[PDB]
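Notes for the one structure printed next.
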Amino acid sequence: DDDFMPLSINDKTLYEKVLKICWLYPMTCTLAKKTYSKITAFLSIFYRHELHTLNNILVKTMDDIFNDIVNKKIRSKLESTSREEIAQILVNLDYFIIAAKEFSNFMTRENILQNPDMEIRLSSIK
Amino acid sequence: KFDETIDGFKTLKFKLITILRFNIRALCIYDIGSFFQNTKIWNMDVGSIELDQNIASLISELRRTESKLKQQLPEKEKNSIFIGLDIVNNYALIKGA
Amino acid sequence: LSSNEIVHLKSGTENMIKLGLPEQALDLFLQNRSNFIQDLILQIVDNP
């Protein structure tokens with residue numbers, strides 16, 4: 001999907017749905033929010049693999065399966081040398097880096113909630 | 001009968017000795033969760049939350065081990081072996097740790 | 001003193017009453033639920 005333009009302000013129907021997508025620029029943060037929210041939403045395949053050490057290092061397996069550990073986003077966007085929304089698409093990757101901060105804010109995580117003392121993710125965000 | 005009951009006493013000290021060595025070596029075993037703890041960090045790794053899962057395993061089978069050990073045997077020996085071997089191996093466990 | 005279920009526990013409980021040893025019967029029953037809850041605690045502090 002292409003024509004790297006700004007976000008067309010429809011003024012105003014899905015702007016609240018854009019605000020849920022915000023957790024502008026045309027598509028990348030606009031669709032990829034549904035992609036990753038769909039991903040970690042789909043990655044809640046537990047609530048039946050519980051009463052064991054799944055709460056252990058399988059949590060770290062969920063850590064390695066990041067917002068697919070962001071090189072998957074940060075290869076093709078790293079590869080795409082194109083003047084169309086150059087750094088404006090990446091304004092939704094500085095702003096999807098604010099969604100990387102939303103991902104390390106998507107941090108009421110597991111073990112059911114313990115220890116709530118750190119859940120940071122910013123290696124691939126770095 | 002003094003050689004006899006003497007020998008039964010020797011089996012008692014051997015057996016309770018073996019139980020105390022079992023719990024203590026379960027602990028010193030369990031401290032090797034730090035070996036490796038996957039590069040206990042340099043100056044920070046912040047964050048830095050929690051909690052070295054092998055140590056939670058140590059707490060777990062320690063807890064159930066004391067549960068069943070309190071189930072079968074009598075109290076005073078359990079308090080003895082568990083008390084001395086647990087606290088001492090905790091301390092020197094931190095020392096070599 | 002051995003069954004984690006209900007039906008034998010229910011049954012032989014009221015059979016023990018059917019002998020007419022009800023006080024010992026209840027005390028054993030409460031002991032079974034004591035040991036029951038006791039061992040139910042054996043599945044796991046992780047955080048408080």
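We name chains A, B, ... following the order of the structure tokens; residues begin at 1 in each chain, and ligands are numbered from 1 as shown.
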>> Distance cut-off 6 Å, counting only C-alpha atoms - which residues of chain B neighbour chain A? Return them as a list in words.
In response: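 Within 6 Å of chain A on chain B, we get residues 47, 48, 49 and 50 of chain B.
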Go ahead and save the residues from that selection, with N, CA and C atoms, as a compact mmCIF listing (two decimals), in the first residue's frame.
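File produced: result29.txt:
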```txt
# COMPACT_ATOMS: atom_id res chain seq x y z
N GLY B 47 14.73 -0.99 33.07
CA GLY B 47 14.46 -1.87 34.21
C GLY B 47 14.67 -3.34 33.83
N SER B 48 15.20 -4.28 34.64
CA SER B 48 15.34 -4.41 36.13
C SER B 48 14.03 -4.43 36.92
N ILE B 49 13.30 -5.54 36.80
CA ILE B 49 12.19 -5.82 37.71
C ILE B 49 12.47 -7.01 38.61
N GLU B 50 12.60 -8.20 38.02
CA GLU B 50 12.25 -9.44 38.71
C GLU B 50 12.57 -10.63 37.80
```
Using only C-alpha atoms, find each residue of chain C with at least one atom at most 10 Å away from an atom of chain A; report its shortest atom-to-atom pair and that distance in Å (one decimal), sort the rows by chain and rising residue number, and return the result as a tab-separated table.
```
residue	atom	partner	partner_atom	distance
C:43	CA	A:51	CA	8.5
C:44	CA	A:51	CA	8.2
C:46	CA	A:114	CA	8.1
C:47	CA	A:114	CA	6.6
C:48	CA	A:114	CA	9.4
```
> Quick one: residues within 10 Å of segment 59-67 of chain B, only C-alpha atoms counted, chain neighbours fewer than 2 positions away excluded, as number ranges by chain?
Replying inline: B: 23, 26-27, 30, 53-57, 69-72, 78-79, 82, 86; C: 38-39, 41-46
>> Residues within 12 Å of segment 17-31 of chain C, please, as a list in words. Count only C-alpha atoms; anything in the same chain fewer than 6 positions from it doesn't count.
In response: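 The residues satisfying every condition are residues 1, 2, 3, 4, 6, 8, 9, 10, 11, 37 and 38 of chain C.
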Would you mind exporting the chosen residues as a PDB file, in the first residue's frame, restricted to C-alpha atoms?
```
ATOM      1  CA  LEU C   1      -9.372 -40.777  54.892  1.00  0.00           C
ATOM      2  CA  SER C   2      -8.217 -41.159  51.301  1.00  0.00           C
ATOM      3  CA  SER C   3     -10.685 -40.019  48.614  1.00  0.00           C
ATOM      4  CA  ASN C   4     -10.457 -36.562  47.048  1.00  0.00           C
ATOM      5  CA  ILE C   6     -17.385 -36.585  46.988  1.00  0.00           C
ATOM      6  CA  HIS C   8     -17.558 -42.222  48.467  1.00  0.00           C
ATOM      7  CA  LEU C   9     -17.090 -39.464  51.009  1.00  0.00           C
ATOM      8  CA  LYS C  10     -20.809 -38.641  51.045  1.00  0.00           C
ATOM      9  CA  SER C  11     -21.694 -42.316  50.937  1.00  0.00           C
ATOM     10  CA  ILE C  37      -7.682 -27.648  52.003  1.00  0.00           C
ATOM     11  CA  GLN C  38      -4.193 -28.230  53.402  1.00  0.00           C
TER      12      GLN C  38
END
```
Can you tell me, as a PDB file with N, CA, C and O atoms, in the first residue's frame, what residues are no more than 9 Å from segment 12-26 of chain A when counting only C-alpha atoms, ignoring any on the same chain fewer than 2 positions away?
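Listing of selection27.pdb after writing:
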```pdb
ATOM      1  N   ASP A   3       1.206   5.546  -2.023  1.00  0.00           N
ATOM      2  CA  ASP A   3       0.838   6.965  -2.068  1.00  0.00           C
ATOM      3  C   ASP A   3       1.034   7.604  -0.692  1.00  0.00           C
ATOM      4  O   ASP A   3       0.093   8.010  -0.005  1.00  0.00           O
ATOM      5  N   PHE A   4       2.310   7.670  -0.313  1.00  0.00           N
ATOM      6  CA  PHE A   4       2.704   8.098   1.018  1.00  0.00           C
ATOM      7  C   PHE A   4       2.435   9.584   1.197  1.00  0.00           C
ATOM      8  O   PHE A   4       3.278  10.430   0.887  1.00  0.00           O
ATOM      9  N   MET A   5       1.252   9.887   1.713  1.00  0.00           N
ATOM     10  CA  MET A   5       0.706  11.225   1.863  1.00  0.00           C
ATOM     11  C   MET A   5       0.389  11.453   3.332  1.00  0.00           C
ATOM     12  O   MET A   5       0.670  10.586   4.167  1.00  0.00           O
ATOM     13  N   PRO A   6      -0.136  12.612   3.701  1.00  0.00           N
ATOM     14  CA  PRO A   6      -0.615  12.796   5.071  1.00  0.00           C
ATOM     15  C   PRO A   6      -1.966  12.121   5.264  1.00  0.00           C
ATOM     16  O   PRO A   6      -2.607  11.662   4.318  1.00  0.00           O
ATOM     17  N   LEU A   7      -2.393  12.065   6.522  1.00  0.00           N
ATOM     18  CA  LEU A   7      -3.705  11.518   6.839  1.00  0.00           C
ATOM     19  C   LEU A   7      -4.781  12.506   6.414  1.00  0.00           C
ATOM     20  O   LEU A   7      -4.791  13.654   6.870  1.00  0.00           O
ATOM     21  N   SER A   8      -5.667  12.068   5.526  1.00  0.00           N
ATOM     22  CA  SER A   8      -6.785  12.896   5.098  1.00  0.00           C
ATOM     23  C   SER A   8      -7.749  13.100   6.259  1.00  0.00           C
ATOM     24  O   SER A   8      -8.312  12.135   6.783  1.00  0.00           O
ATOM     25  N   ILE A   9      -7.934  14.353   6.666  1.00  0.00           N
ATOM     26  CA  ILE A   9      -8.822  14.682   7.777  1.00  0.00           C
ATOM     27  C   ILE A   9     -10.252  14.590   7.249  1.00  0.00           C
ATOM     28  O   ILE A   9     -10.732  15.497   6.568  1.00  0.00           O
ATOM     29  N   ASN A  10     -10.930  13.476   7.548  1.00  0.00           N
ATOM     30  CA  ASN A  10     -12.288  13.268   7.053  1.00  0.00           C
ATOM     31  C   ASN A  10     -13.289  14.193   7.733  1.00  0.00           C
ATOM     32  O   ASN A  10     -14.306  14.544   7.125  1.00  0.00           O
ATOM     33  N   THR A  28       0.495   4.021   8.020  1.00  0.00           N
ATOM     34  CA  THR A  28       1.427   3.098   8.668  1.00  0.00           C
ATOM     35  C   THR A  28       1.094   2.912  10.143  1.00  0.00           C
ATOM     36  O   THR A  28       0.871   1.788  10.604  1.00  0.00           O
ATOM     37  N   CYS A  29       1.044   4.006  10.896  1.00  0.00           N
ATOM     38  CA  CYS A  29       0.482   3.932  12.234  1.00  0.00           C
ATOM     39  C   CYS A  29      -1.017   3.689  12.193  1.00  0.00           C
ATOM     40  O   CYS A  29      -1.573   3.146  13.152  1.00  0.00           O
ATOM     41  N   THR A  30      -1.677   4.071  11.100  1.00  0.00           N
ATOM     42  CA  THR A  30      -3.126   3.961  11.031  1.00  0.00           C
ATOM     43  C   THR A  30      -3.568   2.512  10.877  1.00  0.00           C
ATOM     44  O   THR A  30      -4.597   2.107  11.426  1.00  0.00           O
ATOM     45  N   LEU A  31      -2.804   1.712  10.141  1.00  0.00           N
ATOM     46  CA  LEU A  31      -3.171   0.311   9.986  1.00  0.00           C
ATOM     47  C   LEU A  31      -2.369  -0.592  10.911  1.00  0.00           C
ATOM     48  O   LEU A  31      -2.889  -1.601  11.407  1.00  0.00           O
ATOM     49  N   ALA A  32      -1.110  -0.228  11.163  1.00  0.00           N
ATOM     50  CA  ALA A  32      -0.221  -1.065  11.955  1.00  0.00           C
ATOM     51  C   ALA A  32      -0.625  -1.117  13.417  1.00  0.00           C
ATOM     52  O   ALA A  32      -0.239  -2.059  14.115  1.00  0.00           O
ATOM     53  N   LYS A  33      -1.374  -0.122  13.894  1.00  0.00           N
ATOM     54  CA  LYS A  33      -1.974  -0.214  15.218  1.00  0.00           C
ATOM     55  C   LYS A  33      -2.963  -1.365  15.286  1.00  0.00           C
ATOM     56  O   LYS A  33      -2.998  -2.110  16.271  1.00  0.00           O
ATOM     57  N   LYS A  34      -3.771  -1.530  14.242  1.00  0.00           N
ATOM     58  CA  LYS A  34      -4.662  -2.676  14.189  1.00  0.00           C
ATOM     59  C   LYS A  34      -3.888  -3.963  13.971  1.00  0.00           C
ATOM     60  O   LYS A  34      -4.331  -5.029  14.413  1.00  0.00           O
ATOM     61  N   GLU A  85       6.575  11.138   1.703  1.00  0.00           N
ATOM     62  CA  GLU A  85       6.463  11.148   3.169  1.00  0.00           C
ATOM     63  C   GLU A  85       7.752  10.684   3.840  1.00  0.00           C
ATOM     64  O   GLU A  85       7.730   9.950   4.831  1.00  0.00           O
ATOM     65  N   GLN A  88       7.999  11.757   7.222  1.00  0.00           N
ATOM     66  CA  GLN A  88       6.605  11.987   7.567  1.00  0.00           C
ATOM     67  C   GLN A  88       5.868  10.682   7.782  1.00  0.00           C
ATOM     68  O   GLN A  88       5.011  10.595   8.669  1.00  0.00           O
ATOM     69  N   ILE A  89       6.170   9.673   6.966  1.00  0.00           N
ATOM     70  CA  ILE A  89       5.848   8.304   7.339  1.00  0.00           C
ATOM     71  C   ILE A  89       6.597   7.930   8.608  1.00  0.00           C
ATOM     72  O   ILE A  89       6.057   7.257   9.492  1.00  0.00           O
ATOM     73  N   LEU A  90       7.847   8.373   8.726  1.00  0.00           N
ATOM     74  CA  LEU A  90       8.588   8.158   9.958  1.00  0.00           C
ATOM     75  C   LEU A  90       8.238   9.169  11.035  1.00  0.00           C
ATOM     76  O   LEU A  90       8.736   9.047  12.157  1.00  0.00           O
ATOM     77  N   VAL A  91       7.391  10.154  10.733  1.00  0.00           N
ATOM     78  CA  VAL A  91       6.728  10.874  11.812  1.00  0.00           C
ATOM     79  C   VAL A  91       5.652  10.003  12.432  1.00  0.00           C
ATOM     80  O   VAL A  91       5.209  10.256  13.555  1.00  0.00           O
ATOM     81  N   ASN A  92       5.180   8.999  11.700  1.00  0.00           N
ATOM     82  CA  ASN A  92       4.410   7.917  12.286  1.00  0.00           C
ATOM     83  C   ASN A  92       5.292   6.724  12.615  1.00  0.00           C
ATOM     84  O   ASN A  92       4.780   5.627  12.848  1.00  0.00           O
ATOM     85  N   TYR A  95       6.313   8.765  15.708  1.00  0.00           N
ATOM     86  CA  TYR A  95       5.040   8.619  16.391  1.00  0.00           C
ATOM     87  C   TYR A  95       4.637   7.163  16.525  1.00  0.00           C
ATOM     88  O   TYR A  95       3.889   6.820  17.444  1.00  0.00           O
ATOM     89  N   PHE A  96       5.106   6.294  15.634  1.00  0.00           N
ATOM     90  CA  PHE A  96       5.031   4.887  15.983  1.00  0.00           C
ATOM     91  C   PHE A  96       6.205   4.461  16.837  1.00  0.00           C
ATOM     92  O   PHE A  96       6.227   3.321  17.302  1.00  0.00           O
ATOM     93  N   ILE A  98       6.501   6.537  19.295  1.00  0.00           N
ATOM     94  CA  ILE A  98       5.630   6.810  20.421  1.00  0.00           C
ATOM     95  C   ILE A  98       4.641   5.676  20.602  1.00  0.00           C
ATOM     96  O   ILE A  98       4.110   5.489  21.701  1.00  0.00           O
ATOM     97  N   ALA A  99       4.374   4.909  19.548  1.00  0.00           N
ATOM     98  CA  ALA A  99       3.672   3.652  19.742  1.00  0.00           C
ATOM     99  C   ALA A  99       4.597   2.551  20.222  1.00  0.00           C
ATOM    100  O   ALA A  99       4.112   1.545  20.739  1.00  0.00           O
ATOM    101  N   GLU A 102       4.175   3.211  23.467  1.00  0.00           N
ATOM    102  CA  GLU A 102       2.898   2.634  23.853  1.00  0.00           C
ATOM    103  C   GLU A 102       3.020   1.135  24.051  1.00  0.00           C
ATOM    104  O   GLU A 102       2.267   0.550  24.835  1.00  0.00           O
ATOM    105  N   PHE A 103       3.966   0.502  23.364  1.00  0.00           N
ATOM    106  CA  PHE A 103       4.155  -0.934  23.505  1.00  0.00           C
ATOM    107  C   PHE A 103       4.859  -1.262  24.808  1.00  0.00           C
ATOM    108  O   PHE A 103       4.476  -2.207  25.505  1.00  0.00           O
TER     109      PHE A 103
END
```
